[PDB]
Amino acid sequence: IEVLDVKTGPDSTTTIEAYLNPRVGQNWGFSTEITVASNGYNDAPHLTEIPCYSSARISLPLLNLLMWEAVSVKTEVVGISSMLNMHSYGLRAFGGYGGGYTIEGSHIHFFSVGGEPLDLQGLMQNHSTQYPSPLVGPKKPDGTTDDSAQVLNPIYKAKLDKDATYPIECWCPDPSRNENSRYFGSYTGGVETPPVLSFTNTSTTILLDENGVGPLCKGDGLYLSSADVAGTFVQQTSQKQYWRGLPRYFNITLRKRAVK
């Protein structure tokens, strides 16, 4: 798009409220138990134990030479306070006499705002991982997945076009594309790593680029994406781990922009 003047005047700005609920393998914020393939056997995790990118397309007011331009977003991880819970069946500290473990371990927090689906690059820890249908993993055109999927091979790309479909563990945001999307992510590893999350209604993220242009919403659609895996729940007795996801709130400010 050749970008022109910013239309100002009445009915020239609008806000969009939306939330994305987490897709950690089931719909209620927890995966099924995390399983580990035995050395030499297939790496074939259960559908319901594999966290995926949350994604939605919000319909914007119809315009027509004008496109909605995303200027800023207020975003928050909802239900952080839910984790201050040491009674709900957690593995017990101090030889079983203390309280249950709060959510801990490896976690990722990520959001994107765009005028089109987020561009994904294929990269995974184990090229041989078997993702059950209907999940989508990095495949060559011939249907195979070789060792190169553990590093950067441009052959492995996708568009984040379906909720609860693209596993976090084999797709990252493609930095060679996403010209019309703004994305932000932080991953922390470790076995018992404590989650650190902040929440305030005073933060704002500017979405304008080096040249003061925001994401331009093609087909009058605003594209939100989320991945908020706070860590794992560790259950007493079973000592099994479950991925715990949290919902993300969005508040996008858009304005009318003219295009050639």
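Residue positions are given as counts along the sequence shown, with the first one as 1.
In terms of unmodelled positions of the deposited sequence, the stretch from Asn64 to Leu65 in this entry skips 4 to 9 residues.
On average the C-alpha atoms of 215-223 have higher B-factors than those of the other stretch, with 193-201 and 215-223 being the two compared. Look at the mean CA B-factor for 137-145 and for 176-184 in the entry; the higher one is 137-145. The top Cα temperature factor in the record, among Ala230, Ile34, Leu207, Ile58, falls on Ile58.
When the modelled residues of the chain are ordered by their C-alpha B factor, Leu20 lands in the middle third.
In this PDB entry, the Cα temperature factor of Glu104 sits in the bottom third of its chain's modelled residues, the lowest group. Compared with the other modelled residues of the chain, the Cα B-factor recorded for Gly90 ranks in the lowest third. When the CA B factors of the chain's modelled residues are split into thirds, the value for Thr237 lands in the lowest one. Among all modelled residues in its chain, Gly79 ranks in the lowest third by Cα B-factor.
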